[PDB]
Each structure stands twice: as structure tokens, then as C-alpha cells.
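Fold the following.
(one chain, ligands or ions: 2)
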Amino acid sequence: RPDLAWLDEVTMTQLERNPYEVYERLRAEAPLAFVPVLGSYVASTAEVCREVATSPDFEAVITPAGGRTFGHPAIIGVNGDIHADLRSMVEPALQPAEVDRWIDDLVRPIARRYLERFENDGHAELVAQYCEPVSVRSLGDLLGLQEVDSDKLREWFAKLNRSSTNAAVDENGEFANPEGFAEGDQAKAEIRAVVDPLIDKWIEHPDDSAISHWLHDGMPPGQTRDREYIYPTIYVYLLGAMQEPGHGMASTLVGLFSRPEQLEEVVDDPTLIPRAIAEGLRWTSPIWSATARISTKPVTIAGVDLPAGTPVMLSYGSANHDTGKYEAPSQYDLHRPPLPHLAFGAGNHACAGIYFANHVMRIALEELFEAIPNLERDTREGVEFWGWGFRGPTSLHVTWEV
Ligand code: HEM
Ligand SMILES: COc1ccccc1O
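Residues are numbered from 1 along each chain as shown. Ligands and ions are numbered 1, 2, ... in the order given. Right below this line is the structure:
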């Protein structure tokens, strides 16, 4: 496409460091555009992302690096009967009435435990000391991975992140950094060594762990889902489900710190925490551009005639800065009107864990502000954000008097 020749010079490092300048141009120039270093069409605006995610002429496809990382059948990459079965598999513990039965007793003692380790120090790096541990320990316990330490869960989602977003391709469309998948393979081998004996046990002795229910629910007597059939969805969880609520709470805190009067409002009135998080997710979307759909017939989207078989990456992080919808979207603003956003995606493959994730983030921020009402950002330290596929702050140094 001749007028987009500047896209040939966009690098993967640029998109990882900060994709918003490139995507601001894409939203204006070409809401559906082929990005050479990604080797794919990308949808950058809210209208195009929603249309593709809900269109009957598209179905899910995994990103190239995502497929190399997760294999088949990852819940994000399949359709039809297999997708219906995997949704029925994961949905029970995520049902809102079910989450409401136990979410407080799950997350609140976890939040307290991590807080107790540092709440009197006067300094902390909240990503590693709080946001990521609460996110992974909550979900890990729900899944049946109580004995997998939070350090290890955090290391796994970071390796799976890097592997599944190792998207750069060369002049020939081949992966430019094939090495980059080796740490995803290593994380999967470690996961197998830990989880295979738990599956061995759950097959014979089912319990209330989510993974035991994935093996047993809906199955004929004495049968279980084959472990090779469920492992790719286990990996999907050990990446995003483990990583995202922590990144969402952290981005929300960075946003609030950028608006000190709003931080004070939310600390004074914790009923505003859900609104603060919704704006945080729009402002820096944790799943920024990690999923995709593929056309199943020829289709015209945003003026582009696509053949059947065309993948389109859904860059929901960019769609959530669409200036067709939002005023000054790069600014965090608690008092933005509560409008629809795309940080949980859309359509048949939209996020299955929204209600759970929102409560995990809410309870974590409730307990943080409670414990440390005079929390302030350490302004001697910069907050970098990193990531094109998944995006979040790499640290969040804070301070408080005591
Ligand atoms: C703030 C935290 C989270 C955010 C921002 C988020 C966002 C998303 C997004 C954008 C997608 C892809 C949707 C699409 O392609 O249209 C997704 C898919 C998914 N998410 Fe969430 N997620 C979060 C937490 C979680 C958690 C904690 C769980 C599980 C407990 C979860 C389970 C899933 C599942 C199973 C899918 C795949 C749905 C499918 O393909 O049918 N998510 N999520
Ligand atoms: C819930 O985890 C994911 C969602 C979308 C893409 C990759 C994931 O691991």
C-alpha cells in the first residue's frame, strides 16, 4: 500500500517500547493496515476492532507467535465444537454467582499476606511486591496450583509473554528471532513437570480445584478430558489470566498517581475503585494486541477488500485510545463518562473471566489503600511501560510516610 510506505521502517522494538505513536497514525491513515514487521493486518480503531471481533465472516485465529507458543487447541485459537467445549470447560468457576460466593475469602487474605511483608517499610516496588503476587496467588489457588510459588508463576507468565509476542518477521515473512521461542518451550517443560502429577492425582481423586473440574465436568462416568486437549488452555491461563489482573491494577495506580486529586478521591471513597480500574484498563490496556481473527470468506473491512483466509490482529489497546470515542485518551481521567471499552475484547471470543478479574483488581486496591492511605509515587523513579502484545508498567516504585 504505497502511502503507508513509512510502515516498512517501524520496528518491533519501537512497538514494544511505545506503540501509541505508530497506532495514532494508523487510526488516522488506515484503520485496517498491513504492518510488515508483524506480518499481519492490524485493526487499530474501535469500529474496526469491534466489527472484526463480532463479524460472522471472521473466526478466531491465534497469532503466529502465539501458535508457536501454545499449540492446539488453545481456547483463543479454535472455533466450532472444540471452542464450545473449552468454553463450557472454563466457565463454571467464572460464573458471576459462583465468583460472588468465594472471591472475598480468596483474594482478601492473599492481599493482606503480601501487604504484611512491606506495609511498614515506607517504600515498595508494587509490581513485584504486590500486584503480580496477588494476581497469581489468587488464580493459582483457584486452579489447584497452591503449591506453585508466586515467584514461579510470575516467571512462567513472563516467559510465555515474551514467547507469544515474539512476532517480528523478516523480509520473507519468517520469524526474525527464532531463539525467542526457546524460553516459552522451557516454561512449558517446567509446567509439565509440575502439573502432570497433579493431573495424575485429580483423574483419580477429583477435588474442588478448577483444573480438576476441567478434567471431569461434563464427561461420561469414569472419563476425563485428555491432558493434551486441556494443556494449551492451561498455558493460556498461565500467561494472561495470571498476568493481566496484576497489570491492570498497576496501570490503574500509575494513572491515579498521574492525577493526584483523583488518587485522593479514590482513597477517601473506595466505592470509586471499580470506576478507577475501568478507566485504567482503557488508558493502558493489559491485553493490548494479543489476539486475532481470520476471515472465512472475502470481506471488505474499512475499505480494504480482504480474501478469505486473512488474519487480522486486534489491537484493542489502540482502539481504547480512539479519539472518535474519547477526548484526550492518553490522559488518565477517573471522571471520564463510563463508556464502552474493548479491554476485554468482544464477540464469541471475548474475555471469559471479566467478573473474576474485576473483583481481583478491586479487592487488591481496596486492601492496598486501606493499609497505606498515604501512598505516593516515588517521583525520583520513572515508570516505564513495556509491551505491544501485553502492556503494563515494568515497575512502580512508591513511598509513604512511616
Ligand atoms: C484485567 C484482567 C484481564 C483482561 C484485561 C483480559 C482481557 C482479555 C482479552 C482482550 C481477551 C481476548 C478477547 C478477544 O480476542 O476478543 C481475553 C480472553 C480470555 N480471557 Fe481475559 N483478561 C483478563 C483476565 C482474565 C482472567 C483472570 C481470566 C481467567 C480466570 C481470563 C480468561 C480469559 C479467557 C478464557 C479468554 C479466552 C476467551 C475465548 O477465546 O473464548 N481473563 N481476555
Ligand atoms: C487469558 O489469557 C490470554 C488471553 C488472550 C491471549 C493470551 C492469553 O494467555
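
Does the nearest residue to residue 72 once chain neighbours are set aside lie in a helix or a strand, and which?
For residue 72, ignoring the flanking residues on the chain, the nearest one in space by Cβ to Cβ, 6 or more residues apart in numbering is residue 232 at 6.3 Å. Yep, even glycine has a C-beta here, placed from its N, CA and C like the rest. Under the criterion of DSSP states H and E, residue 232 resides in helix 227-236.

So that helix, near ligand 2 or not?
Yes. Counting by Cβ under 6 Å from any ligand atom, ligand 2 is contacted by helix 227-236 at residue 236.

neighbouring contacts of that helix?
69-76, 86, 89-90, 160, 188, 191-192, 195-196, 199, 211, 214-215 (Cβ atoms under 8 Å, 6 or more residues apart in numbering).

circling back to that earlier point, any idea how many residues pack against the residue nearest to residue 72?
Residues lying near residue 232 (other Cβ atoms under 10 Å) number 23.

Report the entries of the contacts of helix 227-236 that also contact ligand 2.
Restricting those to those near ligand 2 - Cβ under 6 Å from any ligand atom - leaves residue 76.

Inside helices: which ones of the contacts of helix 227-236?
Counting by DSSP state H, the part of the contacts of helix 227-236 found in helices is 69-70, 86, 89-90, 160, 188, 191-192, 195-196, 199, 211, 214-215.

of these, buried ones?
69-70, 86, 89-90, 160, 188, 191, 195, 199, 211, 214-215 (16 or more other Cβ atoms under 10 Å).

And the furthest pair within these?
69 and 215 (22.8 Å; Cβ to Cβ).

which residues touch stretch 300-310?
30-32, 41, 43, 45, 47-48, 51-52, 55, 294-299, 312.

Mind doing that once more with 10 Å?
Here stretch 300-310 makes contact (Cβ atoms under 10 Å, 6 or more residues apart in numbering) with 1, 30-34, 40-41, 43-45, 47-48, 51-52, 55, 57-58, 61, 293-299, 312.

so the residue in the stretch 101-250 of the chain positioned nearest to ligand 2, which of the three states?
Closest to ligand 2 within the stretch 101-250 of the chain is residue 240: 2.2 Å, counting by Cβ to the nearest ligand atom. Under DSSP: H, G, I helix; E, B strand; the rest coil, residue 240 falls in the helix class.

so who does the closest residue to it other than its chain neighbours touch?
Nearest residue to residue 240 in three dimensions, chain neighbours excluded: residue 287, at 6.4 Å (Cβ to Cβ, 6+ apart). Residue 287 makes contacts with 240, 243-244, 247-248, 281, 314, 316-317, 342-345, 351, 387, 389-391, as judged by Cβ under 10 Å, 6+ apart.
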